[PDB]
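Peer 1: One structure, pasted below without further comment.
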Amino acid sequence: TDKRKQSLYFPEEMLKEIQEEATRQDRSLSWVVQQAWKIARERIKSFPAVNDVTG
Amino acid sequence: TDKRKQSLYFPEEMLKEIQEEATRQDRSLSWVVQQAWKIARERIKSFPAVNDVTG
Amino acid sequence: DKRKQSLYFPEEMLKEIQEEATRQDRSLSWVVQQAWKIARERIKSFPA
Amino acid sequence: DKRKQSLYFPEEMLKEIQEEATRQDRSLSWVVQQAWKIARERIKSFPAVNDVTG
């Protein structure tokens, strides 16, 4: 859980939205993205492997 | 919506989980994080500004 | 069923593979897999 | 100058790569690099499948 730097790419519109959400809570970009992963984690892990027959 | 590169920081455990989710769908890291934002966007935007009296 | 293999690439080629992966919102492994499928026959043909 | 990268392969495809490497007294990395050189142009020419402008 020690921090690791990772470069990602975003559509400008999505990045802008993430930036405004960070600013609104006096928070870092990475923080808002981390909270989004905590909210989404379970839907994303539960979805089957789309290209694997067994999934 | 043209792509923009942004460096973020993650706890190693969360990054590892994002990486395994990307791999499982033969997908990029940025893609899995984008799908998480689409899922979380609405909870995060709806939450009041925690430090602003009016929020 | 998937198996992990470490390979070596010249930095320029790796960068090119990465930009192709990014352009299709795809993983590195995916781009390389599609390249094998495309090249398989030229590779099998060229001499021993 | 070279970089090590971990990749994932279906066992059948990896096995095929391995047999091709052996047949030419070549490394795995070499055969995969030659496959990129051959495929590069088809792959770059194919449009961005998710982008309207492509």
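Every chain in the structure tokens takes a letter, A first, then B, and so on in the order presented; its residues are numbered from 1, and the ligands are numbered from 1 following the presented order.
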Can you move chain A onto chain B by a least-squares fit over all C-alpha atoms paired in order, then give me the moved copy as a JSON list (two decimals) with N, CA and C atoms, in the first residue's frame?
Peer 2:
```json
[["chain", "number", "residue", "atom", "x", "y", "z"],
["A", 1, "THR", "N", -12.23, 14.64, -26.00],
["A", 1, "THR", "CA", -12.15, 13.16, -25.76],
["A", 1, "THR", "C", -10.89, 12.58, -26.42],
["A", 2, "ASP", "N", -10.18, 13.35, -27.26],
["A", 2, "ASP", "CA", -8.77, 13.03, -27.64],
["A", 2, "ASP", "C", -8.01, 12.73, -26.33],
["A", 3, "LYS", "N", -7.15, 11.70, -26.34],
["A", 3, "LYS", "CA", -6.48, 11.14, -25.13],
["A", 3, "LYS", "C", -5.47, 12.14, -24.55],
["A", 4, "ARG", "N", -5.35, 12.14, -23.22],
["A", 4, "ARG", "CA", -4.40, 12.98, -22.43],
["A", 4, "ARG", "C", -3.72, 12.07, -21.41],
["A", 5, "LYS", "N", -2.39, 12.15, -21.34],
["A", 5, "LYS", "CA", -1.57, 11.37, -20.38],
["A", 5, "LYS", "C", -1.54, 12.12, -19.05],
["A", 6, "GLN", "N", -1.78, 11.40, -17.96],
["A", 6, "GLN", "CA", -1.78, 11.89, -16.57],
["A", 6, "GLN", "C", -1.12, 10.82, -15.70],
["A", 7, "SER", "N", -0.07, 11.20, -14.96],
["A", 7, "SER", "CA", 0.57, 10.37, -13.91],
["A", 7, "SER", "C", -0.31, 10.40, -12.66],
["A", 8, "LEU", "N", -0.64, 9.23, -12.13],
["A", 8, "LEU", "CA", -1.34, 9.06, -10.83],
["A", 8, "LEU", "C", -0.45, 8.23, -9.90],
["A", 9, "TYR", "N", -0.78, 8.22, -8.61],
["A", 9, "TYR", "CA", -0.13, 7.33, -7.61],
["A", 9, "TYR", "C", -1.19, 6.39, -7.05],
["A", 10, "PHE", "N", -0.80, 5.13, -6.83],
["A", 10, "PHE", "CA", -1.68, 4.08, -6.26],
["A", 10, "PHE", "C", -0.96, 3.37, -5.12],
["A", 11, "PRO", "N", -1.69, 2.87, -4.11],
["A", 11, "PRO", "CA", -1.15, 1.85, -3.22],
["A", 11, "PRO", "C", -0.86, 0.61, -4.08],
["A", 12, "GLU", "N", 0.28, -0.03, -3.86],
["A", 12, "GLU", "CA", 0.79, -1.19, -4.65],
["A", 12, "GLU", "C", -0.33, -2.22, -4.84],
["A", 13, "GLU", "N", -1.12, -2.47, -3.79],
["A", 13, "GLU", "CA", -2.17, -3.51, -3.74],
["A", 13, "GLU", "C", -3.26, -3.14, -4.74],
["A", 14, "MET", "N", -3.67, -1.87, -4.75],
["A", 14, "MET", "CA", -4.71, -1.37, -5.68],
["A", 14, "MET", "C", -4.19, -1.42, -7.13],
["A", 15, "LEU", "N", -2.98, -0.95, -7.38],
["A", 15, "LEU", "CA", -2.38, -0.99, -8.73],
["A", 15, "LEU", "C", -2.37, -2.43, -9.25],
["A", 16, "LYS", "N", -1.91, -3.36, -8.43],
["A", 16, "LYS", "CA", -1.83, -4.81, -8.73],
["A", 16, "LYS", "C", -3.22, -5.31, -9.16],
["A", 17, "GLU", "N", -4.25, -4.92, -8.43],
["A", 17, "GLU", "CA", -5.66, -5.32, -8.67],
["A", 17, "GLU", "C", -6.14, -4.74, -10.00],
["A", 18, "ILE", "N", -5.84, -3.46, -10.26],
["A", 18, "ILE", "CA", -6.17, -2.80, -11.55],
["A", 18, "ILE", "C", -5.45, -3.55, -12.67],
["A", 19, "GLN", "N", -4.18, -3.89, -12.48],
["A", 19, "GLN", "CA", -3.37, -4.58, -13.52],
["A", 19, "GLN", "C", -4.01, -5.94, -13.81],
["A", 20, "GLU", "N", -4.42, -6.68, -12.78],
["A", 20, "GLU", "CA", -4.96, -8.04, -12.99],
["A", 20, "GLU", "C", -6.32, -7.93, -13.70],
["A", 21, "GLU", "N", -7.10, -6.89, -13.41],
["A", 21, "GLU", "CA", -8.41, -6.66, -14.08],
["A", 21, "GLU", "C", -8.19, -6.31, -15.56],
["A", 22, "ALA", "N", -7.20, -5.48, -15.87],
["A", 22, "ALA", "CA", -6.82, -5.14, -17.27],
["A", 22, "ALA", "C", -6.47, -6.42, -18.03],
["A", 23, "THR", "N", -5.54, -7.21, -17.49],
["A", 23, "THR", "CA", -5.03, -8.48, -18.09],
["A", 23, "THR", "C", -6.18, -9.45, -18.37],
["A", 24, "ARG", "N", -7.16, -9.50, -17.47],
["A", 24, "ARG", "CA", -8.23, -10.52, -17.47],
["A", 24, "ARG", "C", -9.15, -10.27, -18.66],
["A", 25, "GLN", "N", -9.26, -9.01, -19.09],
["A", 25, "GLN", "CA", -10.09, -8.58, -20.25],
["A", 25, "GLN", "C", -9.20, -8.23, -21.47],
["A", 26, "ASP", "N", -7.92, -8.59, -21.47],
["A", 26, "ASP", "CA", -6.95, -8.28, -22.56],
["A", 26, "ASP", "C", -6.98, -6.78, -22.85],
["A", 27, "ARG", "N", -7.05, -5.97, -21.80],
["A", 27, "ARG", "CA", -7.32, -4.52, -21.90],
["A", 27, "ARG", "C", -6.16, -3.70, -21.32],
["A", 28, "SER", "N", -6.08, -2.41, -21.63],
["A", 28, "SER", "CA", -5.05, -1.49, -21.05],
["A", 28, "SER", "C", -5.45, -1.09, -19.62],
["A", 29, "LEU", "N", -4.48, -0.67, -18.81],
["A", 29, "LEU", "CA", -4.72, -0.13, -17.46],
["A", 29, "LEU", "C", -5.72, 1.03, -17.54],
["A", 30, "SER", "N", -5.47, 1.96, -18.46],
["A", 30, "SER", "CA", -6.24, 3.22, -18.59],
["A", 30, "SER", "C", -7.70, 2.87, -18.84],
["A", 31, "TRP", "N", -7.93, 1.83, -19.62],
["A", 31, "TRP", "CA", -9.30, 1.38, -19.96],
["A", 31, "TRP", "C", -10.05, 0.97, -18.69],
["A", 32, "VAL", "N", -9.43, 0.15, -17.84],
["A", 32, "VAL", "CA", -10.09, -0.39, -16.61],
["A", 32, "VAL", "C", -10.39, 0.79, -15.68],
["A", 33, "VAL", "N", -9.46, 1.73, -15.55],
["A", 33, "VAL", "CA", -9.66, 2.94, -14.69],
["A", 33, "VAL", "C", -10.79, 3.78, -15.29],
["A", 34, "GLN", "N", -10.85, 3.93, -16.61],
["A", 34, "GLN", "CA", -11.94, 4.69, -17.27],
["A", 34, "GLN", "C", -13.28, 4.03, -16.95],
["A", 35, "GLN", "N", -13.36, 2.70, -16.95],
["A", 35, "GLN", "CA", -14.67, 2.02, -16.73],
["A", 35, "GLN", "C", -15.10, 2.24, -15.27],
["A", 36, "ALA", "N", -14.13, 2.29, -14.36],
["A", 36, "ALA", "CA", -14.35, 2.54, -12.92],
["A", 36, "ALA", "C", -14.90, 3.97, -12.71],
["A", 37, "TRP", "N", -14.38, 4.96, -13.44],
["A", 37, "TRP", "CA", -14.88, 6.35, -13.36],
["A", 37, "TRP", "C", -16.33, 6.41, -13.84],
["A", 38, "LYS", "N", -16.65, 5.74, -14.94],
["A", 38, "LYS", "CA", -18.04, 5.70, -15.48],
["A", 38, "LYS", "C", -18.99, 5.12, -14.43],
["A", 39, "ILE", "N", -18.54, 4.11, -13.69],
["A", 39, "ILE", "CA", -19.36, 3.44, -12.63],
["A", 39, "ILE", "C", -19.50, 4.35, -11.40],
["A", 40, "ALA", "N", -18.47, 5.10, -11.03],
["A", 40, "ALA", "CA", -18.38, 5.86, -9.76],
["A", 40, "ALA", "C", -18.84, 7.31, -9.93],
["A", 41, "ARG", "N", -18.69, 7.86, -11.13],
["A", 41, "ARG", "CA", -18.88, 9.30, -11.47],
["A", 41, "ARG", "C", -19.99, 9.92, -10.61],
["A", 42, "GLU", "N", -21.15, 9.29, -10.64],
["A", 42, "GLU", "CA", -22.43, 9.82, -10.12],
["A", 42, "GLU", "C", -22.41, 9.88, -8.58],
["A", 43, "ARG", "N", -21.94, 8.83, -7.87],
["A", 43, "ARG", "CA", -21.83, 8.86, -6.39],
["A", 43, "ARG", "C", -20.91, 10.02, -5.97],
["A", 44, "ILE", "N", -19.79, 10.15, -6.67],
["A", 44, "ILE", "CA", -18.69, 11.11, -6.36],
["A", 44, "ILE", "C", -19.17, 12.55, -6.62],
["A", 45, "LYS", "N", -19.90, 12.80, -7.71],
["A", 45, "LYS", "CA", -20.37, 14.17, -8.07],
["A", 45, "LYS", "C", -21.49, 14.60, -7.13],
["A", 46, "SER", "N", -22.27, 13.63, -6.63],
["A", 46, "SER", "CA", -23.48, 13.83, -5.79],
["A", 46, "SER", "C", -23.08, 14.14, -4.36],
["A", 47, "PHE", "N", -21.93, 13.64, -3.92],
["A", 47, "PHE", "CA", -21.44, 13.86, -2.55],
["A", 47, "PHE", "C", -21.16, 15.34, -2.37],
["A", 48, "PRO", "N", -21.58, 15.98, -1.26],
["A", 48, "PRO", "CA", -21.34, 17.40, -1.07],
["A", 48, "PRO", "C", -19.85, 17.70, -0.88],
["A", 49, "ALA", "N", -19.48, 18.96, -1.16],
["A", 49, "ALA", "CA", -18.17, 19.53, -0.85],
["A", 49, "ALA", "C", -18.03, 19.51, 0.67],
["A", 50, "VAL", "N", -17.15, 18.64, 1.12],
["A", 50, "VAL", "CA", -16.99, 18.20, 2.54],
["A", 50, "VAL", "C", -16.49, 19.38, 3.39],
["A", 51, "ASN", "N", -15.80, 20.35, 2.79],
["A", 51, "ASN", "CA", -15.17, 21.49, 3.52],
["A", 51, "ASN", "C", -15.94, 22.79, 3.30],
["A", 52, "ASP", "N", -16.96, 22.81, 2.44],
["A", 52, "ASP", "CA", -17.76, 24.04, 2.14],
["A", 52, "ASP", "C", -19.10, 23.95, 2.89],
["A", 53, "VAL", "N", -19.44, 24.99, 3.65],
["A", 53, "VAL", "CA", -20.64, 25.07, 4.52],
["A", 53, "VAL", "C", -21.89, 24.73, 3.70],
["A", 54, "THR", "N", -22.00, 25.26, 2.48],
["A", 54, "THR", "CA", -23.15, 25.03, 1.55],
["A", 54, "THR", "C", -22.99, 23.68, 0.85],
["A", 55, "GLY", "N", -21.75, 23.26, 0.58],
["A", 55, "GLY", "CA", -21.44, 21.95, -0.03],
["A", 55, "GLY", "C", -21.81, 21.88, -1.49]]
```
Peer 1: Residues of chain C that approach chain B to 8 Å or less, counting only C-alpha atoms: could you list each one with the shortest pair of atoms and its distance in Å to one decimal, rows by chain and increasing residue number, as a Markdown table?
Peer 2:
```
| residue | atom | partner | partner_atom | distance |
| --- | --- | --- | --- | --- |
| C:21 | CA | B:28 | CA | 7.2 |
| C:22 | CA | B:28 | CA | 6.9 |
| C:25 | CA | B:28 | CA | 5.6 |
| C:26 | CA | B:27 | CA | 4.3 |
| C:27 | CA | B:28 | CA | 4.4 |
| C:28 | CA | B:28 | CA | 7.6 |
| C:29 | CA | B:26 | CA | 7.4 |
| C:30 | CA | B:26 | CA | 6.0 |
```
Peer 1: Write a file of the just-selected residues containing C-alpha atoms, as a PDB file, in the first residue's frame.
Peer 2:
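Contents of selection27.pdb, freshly written:
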```pdb
ATOM      1  CA  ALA C  21      -1.870  -0.953 -27.542  1.00  0.00           C
ATOM      2  CA  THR C  22      -2.969   2.559 -26.293  1.00  0.00           C
ATOM      3  CA  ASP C  25      -7.421   0.741 -25.570  1.00  0.00           C
ATOM      4  CA  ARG C  26      -5.683  -2.699 -25.489  1.00  0.00           C
ATOM      5  CA  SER C  27      -2.996  -4.568 -23.430  1.00  0.00           C
ATOM      6  CA  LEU C  28       0.630  -5.003 -24.669  1.00  0.00           C
ATOM      7  CA  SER C  29       0.136  -8.824 -24.758  1.00  0.00           C
ATOM      8  CA  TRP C  30      -2.936  -8.376 -27.001  1.00  0.00           C
TER       9      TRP C  30
END
```
Peer 1: Could you work out how far CA of residue 14 in chain D lies from CA of residue 1 in chain C, giving the answer in Å with one decimal?
Peer 2: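 The value is 10.6 Å.
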Peer 1: Write down, as a list in words, each residue of chain D that has any atom within 7 Å of an atom of chain C, counting only C-alpha atoms.
Peer 2: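 Residues satisfying the distance criterion: residues 1, 2, 3, 4, 5, 6, 7, 8, 9, 10, 11, 20, 23, 24, 29, 35, 36, 38, 39, 44, 48, 49 and 50 of chain D.
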Peer 1: Which parts of range 3-44 of chain C does DSSP call strand (DSSP E or B) when run on the backbone here, written out as a list in words?
Peer 2: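 Filtering range 3-44 of chain C to strand (DSSP E or B) leaves residues 3, 4, 5, 6, 7, 8, 9, 10 and 26 of chain C.
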Peer 1: So which residues of chain B fall under helix (DSSP H, G or I) by DSSP, listed as an MDAnalysis selection string?
Peer 2: chainID B and resid 12:24 29:46
